[PDB]
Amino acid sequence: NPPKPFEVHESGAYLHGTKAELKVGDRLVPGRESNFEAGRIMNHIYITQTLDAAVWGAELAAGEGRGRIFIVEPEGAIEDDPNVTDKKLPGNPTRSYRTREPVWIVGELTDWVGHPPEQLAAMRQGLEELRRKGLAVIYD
């Protein structure tokens, strides 16, 4: 399924893109290393209700694996991801959220296609440019 930017599914189910080999049944607590800043300990887990965002999460995750999209259930409260809320577009059209509490892995999505390679390379090259200019501010 070719991700359409800002398109929710009728489930409203929480998604999580990553390269981590997670399994159905896993409970995962906050505090892993950031995908964007070596050595940065995370206060939150990031989740999304759009397929587009979860694909970005699978493609941009650190690791040698192939991207995976997990279906997750938070144990506690979620809030708008500030990294993508009112930062260009008003509100939270990617429907990206974060939580200070653990999440359970309740399934895996298997029939999705990632972004065209020139889109993923453009995203990676833009992020390296914000790195080099010291404009890659990450809120957590």
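So that there is no doubt, residue numbering starts at 1 and follows the sequence shown.
Mean CA B-factor, 110-118 versus 42-50: the higher value falls on 110-118. The PDB entry reports B-factors from which the mean C-alpha value can be compared for 83-91 and 100-108; the larger average falls on 83-91. Comparing the listed residues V55, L28, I71, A62, the entry records the largest Cα B-factor for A62. Sorting the modelled residues of the chain by their CA temperature factor places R124 in the middle third. Among all modelled residues in its chain, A20 ranks in the middle third by Cα B-factor.
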